[PDB]
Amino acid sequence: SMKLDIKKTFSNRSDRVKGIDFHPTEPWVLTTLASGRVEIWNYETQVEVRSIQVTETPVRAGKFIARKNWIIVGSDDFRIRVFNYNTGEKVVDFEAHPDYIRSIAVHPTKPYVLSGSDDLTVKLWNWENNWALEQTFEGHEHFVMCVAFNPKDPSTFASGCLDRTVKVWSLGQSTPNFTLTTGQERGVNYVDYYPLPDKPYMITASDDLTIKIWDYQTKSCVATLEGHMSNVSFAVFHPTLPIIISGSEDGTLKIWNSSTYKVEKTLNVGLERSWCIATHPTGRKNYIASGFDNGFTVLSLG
């Protein structure tokens, strides 16, 4: 049971949206496309702030680094690129991995970036040390699809891997603090942390149609969420509302009750397969945004 008030704020068509991110203080959403293009939209005015043809290959990963006025993106050409979004200047451009970059995470306070790659590793970059490669995390046995800092202890992070595991690491140590054997036999596409201090929870999404909730102190599966009818691309906890949001190649977003783990609403936004998700970091208007085959949509909830 739950009362939801979902409003479409802004939706627009584009090539396939593989990455998406909210700016914390400007009403902006970043989209990164399979076409090599990235776009920054003001979703309140519905005007493009800035766009870049970054490369000719897909750009699967993109994040704002607001405290530097940067966007950072990673692409199938193996390269990490950083742009100032006020001038368009390309700040840095380097080969990060010898294979596809699937995911990028930005430390909340330190000048650290994590990149997850088909080269089976996560790499740690320090932009206050000339973008030095500070550490490579080895252990996974297939593509690393998703990396995410623990917002409550960002000296640790999680990596989700097609080898069917999540690994949780400590910066400066070479082996996982623990490995979760998820039982998601088609691999792990996405991993996310519950942001609030009251629960030590993470969540994983898989091609095997399931979503799983984990207690990372007991390493136990709290619940399994079933309902999607094709590959689940992502699942995340909402930063303010008691819900989980997932999206799937079945073309839907699903909103789940985070206490009962039952589905509360299924949305078909009409843009075919769903690939990526973002939630506004301060919970402004409970905004969420998802990228799809045929564009993106920004929704306000509650």
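The first residue of the sequence shown is number 1, and the count goes up from there.
Comparing 28-36 with 235-243, the stretch with the higher mean C-alpha B-factor in the PDB entry is 235-243. Stretch comparison (87-95 versus 167-175) by mean CA B-factor in the PDB entry places 87-95 on top. As recorded in the entry, 208 carries the highest CA temperature factor of 192, 118, 215, 208. Of the candidates 103, 159, 184, 129, the PDB record gives 184 the highest C-alpha temperature factor. Compared with the other modelled residues of the chain, the Cα B-factor recorded for residue 53 ranks in the middle third.
Per-chain ranking of the deposited C-alpha B factor places residue 12 in the lowest third. Residue 69: CA B factor in the middle third of modelled residues in this chain (values from the PDB entry). Among all modelled residues in its chain, residue 269 ranks in the highest third by Cα B-factor.
When all modelled residues of the chain are sorted by CA temperature factor, residue 225 is found within the middle third.
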